[PDB]
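Just below is one structure, and these are the notes that go with it.
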Amino acid sequence: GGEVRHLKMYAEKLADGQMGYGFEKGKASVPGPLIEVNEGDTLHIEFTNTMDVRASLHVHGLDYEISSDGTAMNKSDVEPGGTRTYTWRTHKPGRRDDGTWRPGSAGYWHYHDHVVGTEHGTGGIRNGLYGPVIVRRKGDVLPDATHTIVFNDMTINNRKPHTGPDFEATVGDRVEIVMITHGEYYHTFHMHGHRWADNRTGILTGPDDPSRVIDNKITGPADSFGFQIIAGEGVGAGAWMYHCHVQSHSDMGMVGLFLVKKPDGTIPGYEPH
Amino acid sequence: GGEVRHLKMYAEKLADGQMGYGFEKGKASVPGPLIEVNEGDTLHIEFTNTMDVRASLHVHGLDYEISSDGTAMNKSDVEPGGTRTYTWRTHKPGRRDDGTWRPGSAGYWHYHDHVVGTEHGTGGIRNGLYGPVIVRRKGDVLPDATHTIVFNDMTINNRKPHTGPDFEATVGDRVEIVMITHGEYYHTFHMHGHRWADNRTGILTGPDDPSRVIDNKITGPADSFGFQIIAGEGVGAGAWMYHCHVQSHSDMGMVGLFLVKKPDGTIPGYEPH
Amino acid sequence: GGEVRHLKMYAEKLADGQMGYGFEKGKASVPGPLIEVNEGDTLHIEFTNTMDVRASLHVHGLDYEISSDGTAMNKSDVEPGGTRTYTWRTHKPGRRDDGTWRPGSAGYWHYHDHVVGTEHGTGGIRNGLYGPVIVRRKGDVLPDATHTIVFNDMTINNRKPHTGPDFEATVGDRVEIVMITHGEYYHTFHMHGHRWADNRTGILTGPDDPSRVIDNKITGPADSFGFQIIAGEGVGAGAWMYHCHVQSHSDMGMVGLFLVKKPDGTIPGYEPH
Ligand SMILES: [Cu+2]
Ligand SMILES: [Cu+2]
Ligand SMILES: [Cu+2]
Ligand SMILES: [Cu+2]
Ligand SMILES: [Cu+2]
Ligand SMILES: [Cu+2]
Ligand SMILES: [Cu+2]
Ligand SMILES: [Cu+2]
Ligand SMILES: [Cu+2]
Ligand SMILES: [Cu+2]
Ligand SMILES: [Cu+2]
Ligand SMILES: [Cu+2]
Ligand SMILES: [Fe+3]
Ligand SMILES: [Fe+3]
Ligand SMILES: [Fe+3]
Ligand code: NA
Ligand code: NA
Ligand code: NA
Ligand code: NA
Ligand code: NA
Ligand code: NA
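Here it is in structure tokens:
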């Protein structure tokens with residue numbers, strides 16, 4: 045189009061010492077809420093830091109001016125109790141005058157804090173100040189649901205070991221995953237029963253797309269990718285594990301379930317009593 | 045086509061404490077033997093666990109039902125002395141009704157144990173219960189030979205440091221490599237004298253394939269890729285090293301040789317006496 | 045064409061104990077100087093080892109015979125004070141008789157020592173014996189400037205923590221980055237304000253190129269990639285950070301600046317007094 049959109053966000057400290065972003069005070073989540081826009085759109089985010097330490101929003105991929113980089117160095121962070129408007133722009137792909145192709149902002153991206161604990165946001169990220177951003181290209185396939193999976197150090201979504209998260213679908217649902225990594229460690233994301241293309245959308249464009257089809261992918265801090273799968277396609281219903289495949293990581297609890305249900309709402313072998 | 049194929053496999057403990065898969069009892073190898081099929085084919089594997097601990101077969105990439113996921117959770121592992129038939133299916137690529145492209149099973153994949161030592165197969169994998177699977181697309185180029193190189197923790201194919209393995213070819217042979225990683229560590233696979241495309245087949249489709257041409261690739265646990273090279277192409281005969289390029293890893297013995305011979309059967313500088 | 049080119053290079057020890065390559069004695073740098081050629085060209089490098097320990101030149105990607113592999117094993121290293129001519133060839137892409145596509149040498153590559161400290165060049169690499177090589181395809185877009193960024197263990201270009209390097213551009217400059225990793229650690233390279241395509245050239249070929257557009261990329265020892273960006277495109281002037289995104293690495297000093305200036309030569313918020 046594109047559209048000018050406006051949005052409020054808050055950073056807040058949670059009772060247990062974690063920190064989260066939210067669209068409303070008292071409704072902070074880890075990961076933070078999904079921001080989704082179309083190439084061309086501009087997003088003005090009125091950000092309020094409700095915490096007692098400085099905090100910021102820094103985003104990957106999108107077009108922001110230096111005044112919205114979220115760093116102390118560029119005076120782009122937010123004092124305790126303060127408010128700042130960050131502007132994220134996006135563009136559509138197209139040919140420059142030099143004849144090269146400007147790529148477009150479309151992709152799976154993310155936002156996170158850049159000043160809590162250290163000037164690279166090490167404490168903020170660790171505490172939960174991260175969330176996903178999706179930029180869609182005109183004509184991209186849209187899913188029934190999007191789930192965000194973040195490997196943050198040795199946790200998934202800052203959860204305790206062996207507590208998921210778990211996600212549920214029914215055979216045939218189009219499910220989108222946004223997969224983000226943060227912290228200190230490399231990981232390998234693996235899903236049982238499902239595969240995707242290692243390219244922008246996770247979907248091959250057709251028979252001439254030579255991208256590798258995979259079910260396992262090495263990631264490190266601040267990597268983001270995403271894909272769509274048809275739940276149970278060619279494989280049926282089941283409690284399908286996803287996990288980090290680094291062996292000590294899966295053993296120490298970086299595992300969850302993709303619960304793909306039959307049309308009767310049950311998972312083979314785990315029917316309700 | 046595709047074809048329904050049947051096959052027997054065994055897991056067995058080896059005299060030195062390692063564990064291996066094989067197509068015949070007493071002929072277990074590490075890595076396990078190569079399974080190769082075409083997109084469309086179904087493979088029914090009659091698996092017998094000859095060991096005194098529970099064991100399983102779990103596969104990447106291929107279409108299996110939950111009853112063949114190889115996990116304790118889905119009652120898909122095999123008691124000591126028991127037998128179970130695992131079914132792996134594959135599909136061809138093509139357009140779904142939703143207009144998106146279903147990708148096909150073609151690729152370089154692998155199988156491994158999922159219950160020895162831990163419920164993620166940490167002990168089994170460590171002991172040698174891993175092997176390669178290749179799914180071919182109609183029209184894929186076939187090689188003269190396929191070699192499997194597995195970086196398993198700080199070993200290549202569970203070998204002692206500085207003992208290879210070494211592989212031999214003659215200048216002009218079409219050689220296929222299946223490269224799998226397991227365990228705890230990230231690695232970088234490097235081959236001297238030879239390069240490949242970072243895509244599904246390791247071969248560029250033509251002048252419009254923008255995939256990076258590389259000779260060095262970061263991998264982590266459960267990653268698999270593969271490629272074909274023409275031995276000695278543009279570079280001639282030689283003892284061409286391959287190794288992990290992580291410096292302490294190569295120094296500690298993650299090195300072997302790709303011995304590419306002249307038509308007289310010799311390697312420059314290392315002629316037999 | 046291609047062209048036969050000749051060049052002199054030296055390895056030398058620097059007063060502080062580091063080691064560097066150069067085109068002239070007394071002008072060694074870390075990283076070493078950029079070698080750039082076109083597909084088809086042959087480069088004969090007359091290399092002199094001025095140091096008191098054996099040293100070599102080993103290159104990635106390019107077509108070299110075994111006598112130019114730079115290893116002790118193939119008698120391809122250079123005694124103290126000695127001279128050796130290494131030959132690097134390159135080829136253009138095209139169809140083989142077997143109907144497959146030979147890929148071409150084009151890409152972002154690198155050279156480094158293979159015998160100082162260990163027979164994998166661990167000491168040489170650590171001390172600074174590394175540099176970039178670019179092979180261009182006919183018709184590739186050429187930049188205004190090329191900068192080389194090497195993550196060598198926990199340093200950028202062997203620099204002390206928090207000392208850059210910094211690079212400067214003006215809004216609208218076409219800037220090329222060659223990004224190389226060495227040593228023991230995995231890293232994630234991230235640039236604020238700028239993005240590129242994860243493919244050979246870092247530039248999408250057009251609307252049908254499905255390569256992921258990224259601003260963050262995991263790398264390990266001996267990985268090389270490169271890309272071109274338009275400085276400030278869609279984002280304007282600024283002190284744009286680049287850094288490793290592994291959180292302890294950025295905190296410990298793996299950070300520098302891409303200083304993109306307005307047409308008046310200033311950086312927003314950091315104008316000269
Ligand atoms: Cu940053
Ligand atoms: Cu992990
Ligand atoms: Cu699996
Ligand atoms: Cu970041
Ligand atoms: Cu698993
Ligand atoms: Cu390694
Ligand atoms: Cu090499
Ligand atoms: Cu696995
Ligand atoms: Cu080497
Ligand atoms: Cu790093
Ligand atoms: Cu950033
Ligand atoms: Cu190297
Ligand atoms: Fe709960
Ligand atoms: Fe032997
Ligand atoms: Fe200085
Ligand atoms: Na939206
Ligand atoms: Na349950
Ligand atoms: Na076969
Ligand atoms: Na020998
Ligand atoms: Na040149
Ligand atoms: Na300054």
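Protein chains in written order, with the deposited numbering: chain A, 45 to 317; chain A', 45 to 317; chain A'', 45 to 317. A prime marks a further copy of an entry chain.
Think of the CB as a built atom: it goes at the ideal place given N, C-alpha and C, for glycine as much as any other residue.
Short Cβ contact (9 Å threshold) for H289 (chain A') with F233 (chain A'): Position 245 of the second sequence, counted from the first residue, corresponds to residue 289 (chain A'). Position 189 of the second sequence, counted from the first residue, corresponds to residue 233 (chain A'). Contact flag set, yes.
Of the listed residues A'':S112, A'':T131, A'':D217 and A'':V103, nearest to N260 (chain A') (C-alpha basis): Here residue 260 (chain A') is taken as the residue at index 216 of the second sequence, counted from 1. The shortest C-alpha separation from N260 (chain A') is found at A'':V103.
Proximity of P176 (chain A) and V122 (chain A) at Cβ, strictly below 9 Å: Looking up residue 176 (chain A) in the first sequence gives position 132. Looking up residue 122 (chain A) in the first sequence gives position 78. Cβ distance not < 9 Å, so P176 (chain A) and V122 (chain A) don't count as in contact.
Beta-carbon proximity check, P75 (chain A) vs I178 (chain A), cutoff 9 Å: What you label residue 75 (chain A) is simply residue 31 of the first sequence in a count that begins at 1. What you label residue 178 (chain A) is simply residue 134 of the first sequence in a count that begins at 1. Against a cut-off of 9 Å, the Cβ pair of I178 (chain A) and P75 (chain A) comes out as no contact.
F269 (chain A') vs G237 (chain A') beta-carbon contact at 9 Å: Reading the second sequence from its first residue, position 225 is the one you call residue 269 (chain A'). Reading the second sequence from its first residue, position 193 is the one you call residue 237 (chain A'). No, they are not a contact pair.
Distance cut 6 Å, beta-carbon to ligand 11 heavy atom: residue list by chain order: A:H102, A:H104, A'':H234 and A'':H236
Which listed residue (A:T134, A:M53, A:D113 and A:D308) has its alpha carbon closest to that of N93 (chain A): Walking along the first sequence from the start, residue 93 (chain A) turns up at place 49. Of the candidates A:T134, A:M53, A:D113 and A:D308, the one whose C-alpha sits nearest the C-alpha of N93 (chain A) is A:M53.
C-beta neighbour in chain A'' for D253 (chain A), strict 9 Å: Mapped onto the first sequence, residue 253 (chain A) falls at position 209. Yes - at least one Cβ of chain A'' is within 9 Å of the one on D253 (chain A).
Interface flag, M223 (chain A) vs chain A'', CB-CB below 9 Å: In the first sequence, the residue the question calls residue 223 (chain A) occupies position 179. It does not; no Cβ of chain A'' falls within 9 Å.
Interface partners of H236 (chain A') on chain A'', CB under 7 Å: The residue labelled residue 236 (chain A') in the question sits at position 192 within the second sequence. Here the neighbours are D113.
Range of the contiguous alpha helix (DSSP H) that encloses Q291 (chain A): Locating residue 291 (chain A) in the first sequence gives position 247, counting from the first residue. Looking at the DSSP string, the run of the alpha helix (DSSP H) that includes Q291 (chain A) is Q291 to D295.
Test: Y152 (chain A) CB closer than 9 Å to a CB of chain A': Reading the first sequence from its first residue, position 108 is the one you call residue 152 (chain A). Closer than 9 Å: no.
Cβ-heavy atom distance, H231 (chain A') to ligand 9, below 8 Å: Counting from 1 along the second sequence, the entry for residue 231 (chain A') is found at position 187. No.
Proximal residues to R49 (chain A') (C-beta, below 8 Å), its chain only, five neighbours per side dropped: Along the second sequence, one-based indexing puts residue 49 (chain A') at 5. Counting only Cβ-Cβ distances below 8 Å, and skipping sequence neighbours, we find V81, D85, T86, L87 and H88.
Identity of the residues DSSP links to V304 (chain A') by a beta bridge: By 1-based counting over the second sequence, the position of residue 304 (chain A') is 260. According to DSSP, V304 (chain A') bridges with A':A213 and A':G282.
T310 (chain A'), buried or exposed, once every other Cβ within 10 Å from all chains shown has been counted against 16: Here residue 310 (chain A') is taken as the residue at index 266 of the second sequence, counted from 1. The residue in question, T310 (chain A'), is exposed, as its Cβ has fewer than 16 Cβ neighbours within 10 Å.
Burial state of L248 (chain A'), where buried means 16 or more other Cβ atoms lie within 10 Å: Your numbering for residue 248 (chain A') matches position 204 in the second sequence. Classification for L248 (chain A'): buried.
C-beta atoms of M235 (chain A) and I273 (chain A) nearer than 9 Å: Within the first sequence, the letter at position 191 stands for residue 235 (chain A). Within the first sequence, the letter at position 229 stands for residue 273 (chain A). Contact: yes.
Cut-off 7 Å between Cβ atoms - residues of its own chain near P187 (chain A''), not counting five sequence neighbours on either side: Indexing the third sequence from 1 puts residue 187 (chain A'') at position 143. Closer than 7 Å at Cβ, skipping near neighbours: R218, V219, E220 and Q272.
Alpha-carbon spacing of residue 5 (chain A') relative to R180 (chain A'), whole angstroms: Look at the range of chain A' in this structure, 45 to 317, and you will see that residue 5 (chain A') is not part of it.
Listed by chain order, chain A residues near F269 (chain A') by CB distance under 8 Å: Reading the second sequence from its first residue, position 225 is the one you call residue 269 (chain A'). What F269 (chain A') touches in chain A: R256.
beta-carbon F269 (chain A'') near ligand 10 non-hydrogen atom, thresh 8 Å: Start at 1 with the first residue of the third sequence, and residue 269 (chain A'') comes out as number 225. Result no, Cβ not under 8 Å from ligand 10.
Closer than 8 Å: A281 (chain A') CB and nearest ligand 4 heavy atom: The residue given as residue 281 (chain A') occupies position 237 in the second sequence. Checking every heavy atom of ligand 4 against the Cβ of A281 (chain A'), none is found closer than 8 Å.
Rounded distance between the beta-carbons of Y108 (chain A'') and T131 (chain A''), thought under 8 Å: Taking the third sequence and counting its residues from 1, one reaches residue 131 (chain A'') at position 87. Taking the third sequence and counting its residues from 1, one reaches residue 108 (chain A'') at position 64. About 7 Å; that satisfies the 8 Å criterion.
Below 7 Å from a heavy atom of ligand 20 - residues by beta-carbon: A'':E80 and A'':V81
Chain A'' contact for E109 (chain A) (CB, 9 Å cutoff): Residue numbering aside, residue 109 (chain A) sits at position 65 when the first sequence is read from its first letter. True, the Cβ-Cβ gap to chain A'' drops below 9 Å.
Nearest-angstrom Cβ-Cβ length linking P307 (chain A') and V215 (chain A'), presumed shorter than 8 Å: On the second sequence, position 263 is the one that residue 307 (chain A') refers to. On the second sequence, position 171 is the one that residue 215 (chain A') refers to. With a Cβ gap of about 7 Å, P307 (chain A') and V215 (chain A') count as contacting.
Buried/exposed call for residue 376 (chain A''), threshold 16 Cβ in 10 Å: Since the first and last residues shown for chain A'' are 45 and 317, residue 376 (chain A'') lies out of range.
Three-state secondary structure assigned by DSSP to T310 (chain A'): Here residue 310 (chain A') refers to the residue found at position 266 when the second sequence is read from its first residue. Here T310 (chain A') sits in coil by DSSP.
Identity of the residue in A':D252, A':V185, A':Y65 and A':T199 nearest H226 (chain A') by Cα: Here residue 226 (chain A') corresponds to residue number 182 of the second sequence, with the count starting at 1. The residue with the shortest Cα to Cα distance from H226 (chain A') is A':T199.
Beta-carbon gap between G282 (chain A) and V304 (chain A) smaller than 9 Å: Start at 1 with the first residue of the first sequence, and residue 282 (chain A) comes out as number 238. Start at 1 with the first residue of the first sequence, and residue 304 (chain A) comes out as number 260. Their beta carbons are under 9 Å apart, which means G282 (chain A) touches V304 (chain A) by this criterion.
Between the CA atoms of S111 (chain A'') and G278 (chain A') - distance to the nearest angstrom: Reading the second sequence from its first residue, position 234 is the one you call residue 278 (chain A'). Reading the third sequence from its first residue, position 67 is the one you call residue 111 (chain A''). Taking the straight line from one Cα to the other gives about 13 Å.
Where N171 (chain A') sits in the DSSP three-state scheme: Sequence index remark: in the second sequence, residue 171 (chain A') carries index 127 (1-based). Helix at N171 (chain A').
Sub-9 Å separation of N201 (chain A'') and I193 (chain A'') beta-carbons: Walking along the third sequence from the start, residue 201 (chain A'') turns up at place 157. Walking along the third sequence from the start, residue 193 (chain A'') turns up at place 149. Yes; because the gap between Cβ atoms is below 9 Å, this pair is in contact.
Any chain A'' beta carbon closer than 9 Å to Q62 (chain A'): The count along the second sequence starts at 1 and reaches residue 62 (chain A') at position 18. Not an interface residue.
Cut-off 8 Å between Cβ atoms - residues of its own chain near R98 (chain A), not counting five sequence neighbours on either side: If you number the first sequence from 1, residue 98 (chain A) lands on position 54. Excluding residues within five positions, the ones whose Cβ falls inside 8 Å are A116, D121, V122, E123, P124, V159 and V160.
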